[PDB]
Amino acid sequence: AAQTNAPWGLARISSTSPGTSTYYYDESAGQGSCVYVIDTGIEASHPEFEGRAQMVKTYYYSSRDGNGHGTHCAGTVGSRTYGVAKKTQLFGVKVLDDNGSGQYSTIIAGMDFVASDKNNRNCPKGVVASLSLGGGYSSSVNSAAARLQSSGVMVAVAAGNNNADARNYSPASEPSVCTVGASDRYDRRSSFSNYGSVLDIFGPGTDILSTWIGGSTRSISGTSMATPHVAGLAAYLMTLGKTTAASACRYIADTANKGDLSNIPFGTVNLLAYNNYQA
Ligand SMILES: [Pr+3]
Ligand SMILES: [Pr+3]
């Protein structure tokens, strides 16, 4: 299949070079996979989700996304127009309040929740969790991310927007998960993107168009935006049977565009997520 005049990030992950405008992908489109978006919530009623999104847990007074951040990230995973995996099932877990902030204890609870809840869902092609959040180093937060991964869920996490080594941030610094940095449409590392040896992979993160609350759309920037590109790609590849939750991050790194990025500091991988689609 081919989506013309696609958002640049979608085009980039289906091309060996920057500057293209068409998203090429297999029609299966992540059908049969499930992606948990652990964030401020999802506006499930947005027409772009086509009924494929549902809130399953909240740690606040309402399950509504009063912020927009979670709805944006979910859209990049699997909305019709703005998503990588256009037929995946989306589950929302609200661990962040409507100002976009959250306590580490609540974030940990949300991760443990997903590890259990997945056993109550029909996800024959596998399960992914997308975490576009983070803060200062915490061994407890890292441990929760490791548990989630160990339970059989592909965990993708944002590297952080500090233009610094991700080793001092959590859950970015947990080695066993998939830590995602951000790039822009000219194949430069995004100016805000964290780096370091713990990064696994880069994805599009600057000027990313996606869904927003109130049935709208918005372009915003961050490693928060790069992370769902990689989560969606994992769901897509698991549906095609090319990889599993345990090995998806490594598979994505092995099949990535190599050496295409600029302003990558020595010791950080030069790898950009790529779907290797051949018609
Ligand atoms: Pr290239
Ligand atoms: Pr890793």
Proximal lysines relative to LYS57, as straight alpha-carbon distance under 27 Å, when same-chain residues fewer than 8 apart are discounted: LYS86, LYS87, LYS94, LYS118, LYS125
Long-range amide H partners of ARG188 with built H, under 5 Å: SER262
J(HN,Hα) series, the stretch 240-255, from Karplus relation 6.51 cos²θ - 1.76 cosθ + 1.60, nearest Hz, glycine and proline x: 6, x, 7, 7, 10, 4, 6, 10, 4, 4, 4, 4, 4, 5, 5, 9
About the Cα centre, charge dipole magnitude for the chain (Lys/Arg +1, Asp/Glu -1 at Cβ), debye: 340 debye
Relative contact order %, the chain, counting alpha carbon pairs below 8 Å whose residues are six or more apart: 22 percent
Karplus-derived 3J(HN,Hα), 6.51/-1.76/1.60, for each residue of the stretch 114-125, Hz, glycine and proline x: 4, 4, 8, 4, 4, 6, 9, 10, 8, 10, x, 8
Gyration tensor (alpha-carbon) shape descriptor, the chain, a/c threshold 1.5: rounded
Residues whose placed amide H lies under 5 Å from that of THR217, excluding near-sequence neighbours: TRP212
Cα gyration tensor category, rounded, prolate or oblate, for the stretch 65-148 with a/c compared to 1.5: oblate
Shape category assigned to the stretch 180-279 from the gyration tensor of Cα positions, a/c cut at 1.5: oblate
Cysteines in the chain lacking a second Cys C-beta under 4.7 Å: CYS73
Listed residue (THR255, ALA172, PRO124) projecting farthest to the positive dipole end of the chain, Cβ model: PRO124
Hz values of 3J(HN,Hα) by residue in the stretch 263-279 - Karplus curve (6.51, -1.76, 1.60), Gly and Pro given as x: 6, 9, x, 3, x, 9, 5, 10, 9, 10, 3, 8, 8, 6, 6, 10, 6
Nonlocal amide H pairs with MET154, under 5 Å, H built at 1.01 Å: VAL127, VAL128, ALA129
Net charge of Cβ neighbours under 14 Å - reference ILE264; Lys, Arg +1; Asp, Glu -1: -2
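Throughout, read-outs are computed from the coordinates displayed, never taken from laboratory work. Please note: Cβ atoms are built from the backbone with ideal geometry, for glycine as well, and neighbour counts cover all protein chains shown.
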